[PDB]
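Visitor: model this:
(chains A, B, C, D, E, F, G, H and I, ligands or ions: 6)
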Amino acid sequence: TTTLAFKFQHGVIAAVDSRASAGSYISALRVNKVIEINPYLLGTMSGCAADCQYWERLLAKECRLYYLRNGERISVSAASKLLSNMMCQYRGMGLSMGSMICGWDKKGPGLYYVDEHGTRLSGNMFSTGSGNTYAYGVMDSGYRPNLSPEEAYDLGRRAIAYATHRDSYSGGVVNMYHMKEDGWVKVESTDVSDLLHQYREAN
Amino acid sequence: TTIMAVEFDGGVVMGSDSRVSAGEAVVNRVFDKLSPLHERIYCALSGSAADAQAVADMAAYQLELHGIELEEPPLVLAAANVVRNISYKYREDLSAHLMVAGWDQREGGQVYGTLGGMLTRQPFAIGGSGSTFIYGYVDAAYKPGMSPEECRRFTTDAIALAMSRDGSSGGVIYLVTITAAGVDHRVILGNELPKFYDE
Amino acid sequence: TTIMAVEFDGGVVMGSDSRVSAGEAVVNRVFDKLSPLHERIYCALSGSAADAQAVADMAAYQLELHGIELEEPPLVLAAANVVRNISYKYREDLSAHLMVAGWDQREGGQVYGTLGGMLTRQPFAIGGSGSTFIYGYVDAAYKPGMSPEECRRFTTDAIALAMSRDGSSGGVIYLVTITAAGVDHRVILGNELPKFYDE
Amino acid sequence: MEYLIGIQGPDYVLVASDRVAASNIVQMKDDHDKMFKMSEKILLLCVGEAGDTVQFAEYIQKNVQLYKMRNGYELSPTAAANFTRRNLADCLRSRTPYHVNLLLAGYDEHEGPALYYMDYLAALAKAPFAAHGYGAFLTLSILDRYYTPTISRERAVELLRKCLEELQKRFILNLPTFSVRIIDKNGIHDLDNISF
Amino acid sequence: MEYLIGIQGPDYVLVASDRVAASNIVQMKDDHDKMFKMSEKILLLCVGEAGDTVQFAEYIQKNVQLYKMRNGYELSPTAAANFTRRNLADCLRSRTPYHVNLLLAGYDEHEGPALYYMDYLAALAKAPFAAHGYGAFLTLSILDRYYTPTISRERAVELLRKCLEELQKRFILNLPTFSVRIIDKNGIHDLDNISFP
Amino acid sequence: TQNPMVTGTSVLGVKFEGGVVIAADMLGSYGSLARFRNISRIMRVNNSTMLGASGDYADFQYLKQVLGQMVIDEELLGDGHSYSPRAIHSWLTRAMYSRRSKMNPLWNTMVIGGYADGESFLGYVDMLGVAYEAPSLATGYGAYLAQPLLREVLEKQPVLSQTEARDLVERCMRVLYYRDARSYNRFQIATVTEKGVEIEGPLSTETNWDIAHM
Amino acid sequence: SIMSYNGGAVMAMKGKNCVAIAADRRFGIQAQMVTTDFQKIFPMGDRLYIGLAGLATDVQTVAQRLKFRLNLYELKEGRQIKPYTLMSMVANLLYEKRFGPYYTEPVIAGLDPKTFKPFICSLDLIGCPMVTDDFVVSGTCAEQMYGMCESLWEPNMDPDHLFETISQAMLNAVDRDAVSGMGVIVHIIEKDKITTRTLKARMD
Amino acid sequence: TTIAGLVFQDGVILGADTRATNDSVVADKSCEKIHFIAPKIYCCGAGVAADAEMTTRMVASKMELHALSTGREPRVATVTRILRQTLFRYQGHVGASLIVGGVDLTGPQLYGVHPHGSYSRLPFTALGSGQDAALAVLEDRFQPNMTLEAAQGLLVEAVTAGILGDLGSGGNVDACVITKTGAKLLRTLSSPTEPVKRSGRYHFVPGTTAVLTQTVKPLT
Amino acid sequence: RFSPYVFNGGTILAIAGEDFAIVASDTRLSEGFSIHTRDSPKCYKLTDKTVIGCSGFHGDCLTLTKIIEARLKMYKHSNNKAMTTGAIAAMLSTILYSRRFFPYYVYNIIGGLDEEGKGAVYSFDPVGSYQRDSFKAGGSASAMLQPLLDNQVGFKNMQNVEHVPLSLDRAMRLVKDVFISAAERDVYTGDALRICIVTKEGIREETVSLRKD
Ligand SMILES: *[B]([O])([O])[C]([C]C1=[C][C]=[C]C([C][C])=[C]1)[N]C(=O)[C]([C]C1=[C][C]=[C][C]=[C]1)[N]C(=O)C1=N[C]=[C]N=[C]1
Ligand SMILES: *[B]([O])([O])[C]([C]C1=[C][C]=[C]C([C][C])=[C]1)[N]C(=O)[C]([C]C1=[C][C]=[C][C]=[C]1)[N]C(=O)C1=N[C]=[C]N=[C]1
Ligand SMILES: *[B]([O])([O])[C]([C]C1=[C][C]=[C]C([C][C])=[C]1)[N]C(=O)[C]([C]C1=[C][C]=[C][C]=[C]1)[N]C(=O)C1=N[C]=[C]N=[C]1
Ligand SMILES: *[B]([O])([O])[C]([C]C1=[C][C]=[C]C([C][C])=[C]1)[N]C(=O)[C]([C]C1=[C][C]=[C][C]=[C]1)[N]C(=O)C1=N[C]=[C]N=[C]1
Ligand code: NA
Ligand code: NA
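Guide: Residues are numbered from 1 along each chain as shown, chains lettered A, B, ... in the order given. Ligands and ions are numbered 1, 2, ... in the order given. Below you will find the coordinate block:
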């Protein structure tokens, strides 16, 4: 897997890989590694597939239940803190889940990295998965806080694209979202080899 | 240990050696392994000393209260089931084999096997580390219709034969004859044991 | 396997079952474990089939050249030492027991044990997995001064008694009578085996 | 792997901690704060295993805050250090032990400045200066050499810079920036971050 | 743990390596050179286990030098890479295997610039650019992104700078100085060390 | 039971026209030792079903106790309903799986034979809850020796008479006695037809050792 | 597994009077890709090729130790080696290391030098020869390759049909293997000519 | 593998299946498990295919040197001993399980040789993962001094029971009859599985595969 | 040490079409190198528009199957309606994850119709992660059949090819040809192919034969 997310002038970009593997076999060429919790709250997934699906669906259920109770949406800080507390209860159980809780609330854009250990970090740039190092390299090189929405879509597209090239546990398609003030918009679902071929053909 | 029980017309004969060991060390050289479970019901102990004594203590207790409730001496089948159930429920934690034999008004003299929680009636039966070396002997020497004296001689010979060959068996042979009349206790000393080829 | 040898006035009697197993699987049910080492010398094979056959092949070779150099049939003591030395030198890598028995002008009929490189002369001897269950039987049934026929019945009875009790022993019984006159080979079929208590 | 340092003066406690939130071979964050304000005059600096640290530090924080609300006054650095110890030591033989190594700095109106060292085993020691992590092997002797009990805050800040400069010269781990704070009679004061 | 990098241009090979000699948690040396000149136009950059590296690199060096003395001419980067490969692969199933990871850069008058990658197992690969160590996980994608085969040496140094800057931002190891050298038609040229102060 | 003590070897089974026949030797082995050469390993469950068991004897006896009581329990009601062979097989699958899931298995592999409403039943259940129905079954080492002979005959003639099925089972027991080093020449043949369950024993197959003279 | 440390796949297929051999081009250590142009098929004659999957160091070593013996053989014999004889040379070369083997599973594809009748085979890591009249596979995606080959292979395929079949069987197999890919190369061996093609394959 | 032997009135019959398996995947649907040793001595191999192949090749080559020197037909006892002493030396690490059958001046003989170097002279035998299915058929229906076709039939049935019952066995039944006058190698004597048919429509129109590079080397 | 699992093999495969869904399986059940039975189809009818394919440890297959059967009845009683294909898939994920620490060693592939009457396939891993698919293979020969499904049913690696959607006739022919290839190379696949076809009209079953060895 290769997931990435970065804050910038126009919001938060969140891009994911789509490969699921069992040993060296590719179990799924395309898998959705982004849970759309609500119009303003997403979650990226990496690690154990069952842990990712069940645990993030449990955060979504608790987020939905919060809205019914208070009549307000949950904040990015409460949703990320909620997930890390669930992970904390199952410490030493062998869960594997790397996620980034991305959204927009009363305090602007929000991006948190949550781990199966109960790690909870707020930051403006993260990357998770077996190919995170490759994604960090490309992302760091071209990142400036004043990037255009289209310039940021290229940075997020290329960062995942180059990580699928070197990481055998990453491939398939890039699913990219742009988190704006009035909710997210799913930017694209683009084949990574078609992108890599486009960059090769440009040499 | 070498334990043995034999059925006859009016009851049973049970025998055992007398050795209690702890590794290559003889801890007790004169132990009586024939423990009474009721008046006319006995068991022969083998395996872990602590486990065998615990099961016997519990079986005698359960059978004492059982007998007083039925206003009758417990059946040897009931005593065999009592031991068997304990040995079966705790088979992962127990390492003892308690052979159960005795007498009844109903089925007379009966011999039972309790190995690892199982239950089996036998015309004669053997147990303990020493039994391994006398299987061929008891298979050749056993004949049906043996008198109580012939049963005591079969039991004494088989146990002495095993005692010689088995390091964990030795000492004295304790004999017990359960019949309608009551129980007889014999002891064959290490000096008086039957003699066979021992070279 | 159950192997056995018995000394008598004019020589020896050697017997063996016929089972060859590989785990709980019978690989060959009628194998003759009495292998000749010389005209009037034989060995009974037990343990690893590959190891027992290898030692026998080498011992027969060494004894053939030894016999031709002395211009005489090898002594049974020489054949026993030949087998013993191989079993001793390679005791960490071999897992076979080759009992050695036969006849000589000098010492006549002799029975030898070679277990793990040791050497012992025995009036009678037993080996293999099956021997464990007939120690008490052979200790009770052996009497000195047995005729060759009495040796053959004793060997037949003890091996059948072990065959019944031992899963690694079974099949037919192969008997061999080594005397000054020569060697006699008998086969007691699984249908003709002596019968004893088998329940 | 992480770095904590404390230097106690006659009337203050100076503390510093690395700012790296790392996972595997990557430096995920350069601006990570490892100090947790327990009271107006108490800081709990906490280092250790991935989840254990925030989980343990925040439980202690919330309970020290519950004491303030319940009684109208705050715990003393001594009572807050011993309360931290009671909980850590009680989890030691439990199914869920915490792998946290911490430092508690604080200022008491009656007892003055106090700096405490706590093992992950929950041994509590009061020290004039302390350090946690592999970095402590390279800096405890610098502190042994130059520390004096009358050390002014301006001088302790200089002594702290020498310890942090030593980690740049010899420590194999990349610890670029550090949080710096002083606790005194007027509370917790944030100082400029020591950066390289 | 250590870092090696190579970028091959149309007529040159640019290489860089960290300068840290470290034992346990201490940085014992800040000025440690990891490149070994084999010939006038060949450099062997070598990282790996504690003793294995200097021992292996110097054995190959002296044998490449013995070839020069014996025959009057030097080995080509290809023959020198395959000779390095034969020795490393021959020790693999022996009592004493070498845990060394290396890059061989060189310039041939007939075949041009060549950069080779070799892991401790002795697999030999010719690559336009390569990197060894944990740092390679953070920089291979930067090289994938910006490397072009017509890259001028001045541009390749800005690319190498982008990779070394990435190790300062994200690598947990302190690798603040690096040796930089270019091999071309005129031999091995020492460039200024890329430092981070 | 994590470690079995006295174990039974193969249990055979084959359905014929009008019922099912099941066979098993009367041996309980303690490793290689033929310790009990006369114990029954077959049980009549009720009028339509019968069970044979391989593996641990103490665990088989326990199941024989639990099943035996269930039957008594049902019969007290007398409501015109009784456990079909298929229902006993379903219960026994749930029983084995349940013990397996608590990491405390009952160390058995059993064969259930039955005859209800003109239909023959033959079902296999092992210590893990693996269950299935088949025209013929063979547990343990019998799955390697006897199942090929049962399937060989059932390939030529899929419907067998009670006599053909019986002779096929006697041929299989003879092979098992020759080849399985944990078998004994003492066995039982149980048959379930319209009339009900009939257990026959002790039986023995005649042996030929002429190959010794080759 | 040792064989999965580098990954890769190799395949050979029979045709009418032609023969095909294909392999992926990835060279990687575990989950990290190093180069996208690794050579796994080596010419042994005009119409004879050998493909080696497995551990990259032993793929290179076996090919080089085999070329040494081959060159000496052709010099002493004064003839180009027959395809079956090359198989026996590899079997003997690999079996010499029976109790400490090379981690390579070769595949041989060639045309006979007089009949021009194709020959395909494969050897396990200890040199067990296996000639087939259809296809042979070796790699980390052998299960995928067998599925594609079993479904796609037909008996008397023309060179063009053989090309489409071996190309589609390699591409679709390797695309379900994480550690195989980075392009595919195919050689079509006919009496008249060799045609080498690199396919446009996925790069992830 | 299911390999089997039989001794009939005028010789020996050797049977074998044609499956080679590489960890639950069938690698070869038709391999040859019956190997030549001498004109009237054949051997079935089961186990590690390279070990069966090479130990059979080495003993056949040693028997050619034997026969050339002696000037006589080789004896089956010689092949048994050469094989055993070689396998014993390798302590079972050479994983070849063999069934040696043949005819020499002393008549027809059938032997079982195991990887550790043990052997037995048997009237019928079976080795391999499917040996028990074959050994059941042989025990069930073997009678001494059988006729050529009765033995051929029993052998086919014995190998067939293994082909159908053993997952590690399949393909066809190969057979070899050895008599005083020589050996008849009956390859694919029986095929228990009729030719598998599909409605294969897997044609790719030329050009479907995207080609990036194409170089053509003309030859002569 | 006792192991609560055993591998009994078998292959399952499903294809989602415009107005249909096929769920297919072999009938072989084995253990080690033995065949338990040759008539063990892995297809289970849940509703008139939902079928499931189950493969792996047979003990877990039988149990998860009875639990699914019981849960549908419970849902029908509680909601007075049959579970849709999507609700069965979402539920199975929770049942599988309820055994996250002692898994059901089962590969599940649900096949049926969605609320628009179109084909729906949901594929799962033993621990409960699932997704909707166009098609999918599971069980012992999963890796042999999946690349051919990707190619012939997904049109992958084919340029200049007309993307004609699969018809029931054409998909049935493909299922019959892939199981023939699976039975040739996978020792655990064989004896017969059981095919379940789900349409507006309900479920039909077809049984074609595969190799007996
Ligand atoms: B990724 O490689 O971390 C990926 C994450 C993933 C996969 C499927 C679905 C989701 C969200 C719905 C996320 N994980 C996998 O590929 C893992 C193996 C793995 C784990 C950690 C690092 C690298 C690879 N695969 C599975 O969990 C899995 N595979 C097959 C079937 N079920 C689960
Ligand atoms: B016998 O050898 O099995 C013997 C039988 C036995 C049973 C009940 C009570 C006693 C004496 C209190 C003895 N048991 C032993 O001798 C065992 C050792 C043993 C067990 C099995 C085979 C051989 C030897 N003795 C003990 O366990 C024991 N005794 C003394 C001190 N520690 C332990
Ligand atoms: B006996 O049970 O010990 C038996 C005696 C023996 C001696 C020489 C030659 C043979 C036949 C070729 C048999 N040995 C065996 O049965 C052993 C196994 C064994 C060993 C010890 C106790 C019980 C059984 N047979 C083998 O080792 C073996 N046989 C065939 C194939 N592989 C191994
Ligand atoms: B048989 O199925 O046991 C078989 C015997 C065999 C195979 C091919 C050719 C010959 C004649 C020389 C004999 N053994 C195998 O198929 C083995 C694996 C095996 C081993 C033990 C039990 C079952 C199976 N397979 C190979 O050695 C092999 N497979 C593929 C390619 N090369 C070798
Ligand atoms: Na990839
Ligand atoms: Na088969």
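
Visitor: let me see the contact set for the residue in chain H positioned nearest to ligand 1.
Guide: Going by CB to the nearest ligand atom, ligand 1 is nearest to residue H:24 of chain H, at 19.3 Å. Every C-beta, even on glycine, is put in place using the N, C-alpha and C of the backbone. By CB atoms under 8 Å, 6 or more residues apart in numbering or on different chains, residue H:24 lies in contact with H:167, I:140, I:186, I:187, I:188.

Visitor: count the residues that sit near the closest residue to chain G within chain F.
Guide: Here chain F gets closest to chain G at one residue, residue F:130, 25.1 Å apart by CB to the nearest CB. Close neighbours of residue F:130, defined as other CB atoms under 10 Å in any protein chain shown, add up to 24.

Visitor: hmm, residue I:63 and it touching each other?
Guide: No: Residue F:130 sits out of contact with residue I:63 when judged by CB atoms under 8 Å, with a separation of 10.7 Å.

Visitor: in contact with the closest residue to residue B:165 other than its chain neighbours, which residues?
Guide: The shortest distance from residue B:165 to any non-neighbouring residue, by CB to CB, 6 or more residues apart in numbering or on different chains, is to residue B:133 (4.4 Å). Shown in contact with residue B:133 (CB under 8 Å, 6+ apart): B:161, B:162, B:165, B:166, C:132, C:133, C:135, C:136.

Visitor: check those and tell me the two furthest apart.
Guide: B:161 and C:132 (13.6 Å; CB to CB).

Visitor: these two - which one has more neighbours?
Guide: residue B:161 (28 against 19).

Visitor: how much space between that one and residue H:49?
Guide: From residue B:161 over to residue H:49 the distance is 54 Å, taken as CB to CB, to the nearest Å.

Visitor: can you pull out the helices in the chain?
Guide: Looking at chain A here, since you left the chain open. With DSSP state H, the ranges of helices along chain A come out as A:49-70, A:76-89, A:132-142, A:149-166, A:192-200.

Visitor: that's the wrong chain, I wanted chain I
Guide: Going by DSSP H, chain I shows helices at I:58-79, I:85-97, I:142-152, I:168-185.

Visitor: now render those as CSV, adding mean neighbour count.
Guide: Formatted as CSV, these follow (neighbours: other CB atoms under 10 Å in any protein chain shown):
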stretch, mean neighbour count
helix I:58-79, 17
helix I:85-97, 19
helix I:142-152, 26
helix I:168-185, 21
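
Visitor: excluding covalently adjacent residues, which one is nearest to residue I:1?
Guide: residue F:2 (7.8 Å).

Visitor: element containing residue B:35, please.
Guide: In the assignment (DSSP states H and E), residue B:35 maps to strand B:34-38.

Visitor: my error: substitute residue H:126 in the last question.
Guide: Short version: residue H:126 belongs to strand H:124-127, going by DSSP H and E.

Visitor: can you tell me what sits against that strand?
Guide: Here strand H:124-127 has contacts from C:28, H:1-7, H:44, H:46, H:97-99, H:110-112, H:132, H:134-135, H:138, H:142, H:158, H:162, using CB under 8 Å, 6+ apart.

Visitor: pull the distance from that strand to the chain's centre.
Guide: Centroid separation for strand H:124-127 versus its chain: 12 Å, with CA atoms, centre = their mean, to the nearest Å.

Visitor: strands paired with it, and their directions?
Guide: Strand H:124-127 has the following strand partners under DSSP bridges: strand H:3-8 (antiparallel).

Visitor: which SSE is immediately downstream of the partner strand?
Guide: Taking DSSP H and E, what comes next after strand H:3-8 is strand H:11-16.

Visitor: buried sites along that next one?
Guide: H:11, H:12, H:13, H:14, H:15, H:16 (16 or more other CB atoms under 10 Å in any protein chain shown).

Visitor: got the contact list for residue H:165?
Guide: Here residue H:165 is in contact with F:144, F:147, F:148, F:151, H:130, H:133, I:34, I:35 (CB under 8 Å, 6+ apart).

Visitor: list the contacts for the fifth one?
Guide: Each residue near residue H:130 by CB under 8 Å, 6+ apart is listed here: H:1, H:2, H:17, H:161, H:162, H:163, H:165, H:166, H:168, H:169, I:33.

Visitor: how much space between it and chain D?
Guide: The span separating residue H:130 from chain D equals 50 Å under the rule CB to the nearest CB, to the nearest Å.

Visitor: quick one: that residue and residue F:139, what's the gap?
Guide: 19 Å.

Visitor: got the CA coordinates for whatever helix or strand residue B:7 lives in in PDB?
Guide: Using DSSP H and E, residue B:7 sits within strand B:3-8. The C-alpha coordinates for strand B:3-8 follow below in PDB (Å, rounded to 0.1, in the frame of the first residue of the first chain):
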ATOM      1  CA  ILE B   3      -0.500 -54.300  39.800                       C
ATOM      2  CA  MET B   4      -2.900 -57.300  38.900                       C
ATOM      3  CA  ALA B   5      -6.500 -58.400  39.500                       C
ATOM      4  CA  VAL B   6      -8.100 -61.900  38.700                       C
ATOM      5  CA  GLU B   7     -11.800 -62.800  38.800                       C
ATOM      6  CA  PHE B   8     -12.900 -66.200  40.200                       C
END
